[PDB]
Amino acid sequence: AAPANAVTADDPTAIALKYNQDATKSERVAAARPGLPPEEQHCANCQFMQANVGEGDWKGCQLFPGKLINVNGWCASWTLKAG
């Protein structure tokens, strides 16, 4: 079950970025964002995931202030975690 502050499918920014809590139900292949092949991309390996926010599988994303994403999710702002 998601947390009360989870990013949801109805959030305008989530819609614009094509976020899904489950990267296997995402359009990562169509987007072909650079840095890894698309099937390898999800929030856990994204530069914007905040590992010190949230708990368990539900972590922060810098782009979604006050909310939580799932580490197994994806959106079109996916960017390789480089530091």
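Residue numbers run from 1 along the displayed sequence.
Can you tell me whether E40 has a C-alpha B-factor in the lowest, middle or highest third compared with the other modelled residues of the same chain?
Within its chain, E40 is a lowest-third residue by C-alpha B-factor, going by the deposited values.
Lowest, middle or highest third: where is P65 by Cα B-factor in its chain?
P65: CA B-factor falls in the highest third of its chain.
Compare the C-alpha B factor of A16 with those of the other modelled residues in its chain, then answer lowest, middle or highest third.
Ranked within chain, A16 CA B lands in the middle tercile.
For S26, return the chain-relative third of its C-alpha B-factor as stated in the PDB record: lowest, middle or highest.
CA B-factor rank for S26: middle third.
Quick check for you: using the entry's CA B-factors within this chain, is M49 in the lowest, middle or highest third?
Middle third of the chain for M49's C-alpha B-factor.
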